[PDB]
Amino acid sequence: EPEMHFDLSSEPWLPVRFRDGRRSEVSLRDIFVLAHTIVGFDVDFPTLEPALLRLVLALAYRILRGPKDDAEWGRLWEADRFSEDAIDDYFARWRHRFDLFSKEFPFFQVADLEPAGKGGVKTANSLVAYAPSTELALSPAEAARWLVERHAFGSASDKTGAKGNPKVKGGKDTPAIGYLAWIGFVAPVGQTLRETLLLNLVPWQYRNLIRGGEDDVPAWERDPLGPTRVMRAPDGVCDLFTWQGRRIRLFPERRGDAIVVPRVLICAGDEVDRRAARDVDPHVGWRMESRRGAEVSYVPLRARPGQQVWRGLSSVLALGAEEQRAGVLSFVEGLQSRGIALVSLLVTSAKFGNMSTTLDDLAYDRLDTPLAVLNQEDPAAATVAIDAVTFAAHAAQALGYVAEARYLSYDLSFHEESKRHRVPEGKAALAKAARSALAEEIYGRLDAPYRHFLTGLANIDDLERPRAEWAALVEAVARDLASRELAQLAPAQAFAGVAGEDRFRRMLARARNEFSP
């Protein structure tokens, strides 16, 4: 029987969108050679994009042998494409490590991996992630994409014990969630994939932003792994970006002329030392959680699921005293003199339930952000952007007085007209849920206007004008919603509409004076 092979450097498996509109899969060689002709990744599931971007960045540092510094970065930015000769010299040296079905060095796999007991091998559908809320074999390209994703985004369900792992007890060895599932990921995206890769290729000289260097090598340059695992500090970004967080083996099968993957074994792998990750990783911001003398703990800053990403703009910009922005944003902040006005910030975060076994929520978004808003030297642009979010939040809160009007009482046991107009205790939880629903409705209406406002800050000198424009837009949206809700009141709730509208209008006026005097 002929040998099964699938060389990831020369076979198509990375879905991209081309500048001429084509949508197709490319090999790792073509994703570099054609990076200046590609818009970007065109993936099918949100966790795939950070995982595949970080894989491709680890490969870029190794192919380019840099950038070590600003001068090297500058010569890459000023060039129009990546060197085919650099790319082909690298893949000629390492393509014996890019075969998905190699019998000795299967890519991101353990060649001899076996279950510790009976039933550990599962159908290949277990490698596929599904939305936060079975016999289909995978193609080699699908399996490769999910393999890259699973090492980074796996859950504590990947507990199947591996033979030869002496940590196995009760037939299992339970891992932590994957490292990308743990961090709040943020990365800039340019107009082409080549720009995106360069915006993320922080030079090694930025020791405050990343750890990288000549000795920092990715997983496929290291000795292949076995069933044993460790907790280890990453050597740098190439190591971290290709972290073998799991121990996986694909079981391919020939079906006529097609190679497919019907089965897989997924076990616990290496854990990232979270203290060392903070020094290495440019795609995560941090908040200081506790300090006891010299002992300090940090937690990742996280895009909150269930809200539009600009509502958490202060968690992106990390402007509080206990917060530190993603090192990639500090790098991009210094690139205005290169002709870059805006970047699209890709944000992802995850939330798990049931002792880290189930993916309960996934935050995934893109925000078009001016480099002017990233400016910490002159903070006026960031200040108007954050203040505009605060004004939206105050308008949503003011609308609560109208949302609750249908539940308001006129209670004669109180002796002040303001205290008589109240929600009775038996309707408090319902009125609170109605206030939240009307707040969510105004945020949905302010989404496309906020994004337009934020993009417009890129080319404005006098920031008092967009501050006044945003104030009038939010008021107009808030009064339209208030008028619709008041018109729906039953006749016996007319008094509640009068009180509610007055409270809404006074609160809105107070917030308006604080935002745009």
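The first residue of the shown sequence is 1; numbering continues from there.
> Per the entry, how many residues of the deposited chain go unmodelled between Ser133 and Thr134: none, 1 to 3, 4 to 9, or 10 or more?
Missing residues, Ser133 to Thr134: 10 or more.
> On mean C-alpha B-factor from the PDB entry, just flag whether 240-248 or 378-386 is the higher one.
The stretch with the larger average C-alpha B-factor is 378-386.
> So, looking at the entry's B-factor column for Cα atoms, which has the higher mean, 155-163 or 335-343?
According to the PDB entry, the answer is 335-343.
> So among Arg145, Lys427, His283, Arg304, who wins on Cα B-factor in the entry?
Highest CA B-factor of the listed options: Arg304.
> Would you mind checking which of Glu271, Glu295, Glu441, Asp365 has the top Cα temperature factor in the PDB entry?
Within the set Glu271, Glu295, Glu441, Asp365, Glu295 shows the top C-alpha B-factor.
> Could you say whether, by C-alpha temperature factor, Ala86 belongs to the lowest, middle or highest third of its chain?
Within its chain, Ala86 is a highest-third residue by C-alpha B-factor, going by the deposited values.
> Consider only the C-alpha atoms of the modelled residues in this chain, order them by B-factor as the entry records it, and name the third containing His415: lowest, middle or highest.
Tercile = highest for this residue's CA B-factor.
> Once the chain's modelled residues are ordered by C-alpha B factor and cut into thirds, is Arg207 in the lowest, middle or highest one?
Its C-alpha B-factor belongs to the highest third of this chain's values.
> For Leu359, return the chain-relative third of its C-alpha B-factor as stated in the PDB record: lowest, middle or highest.
For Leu359, whose C-alpha B-factor we compare with every modelled residue in the chain, the answer is the highest third.
> In terms of the CA temperature factor given in the entry, to which third of its chain does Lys169 belong: lowest, middle or highest?
Within its chain, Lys169 is a highest-third residue by C-alpha B-factor, going by the deposited values.
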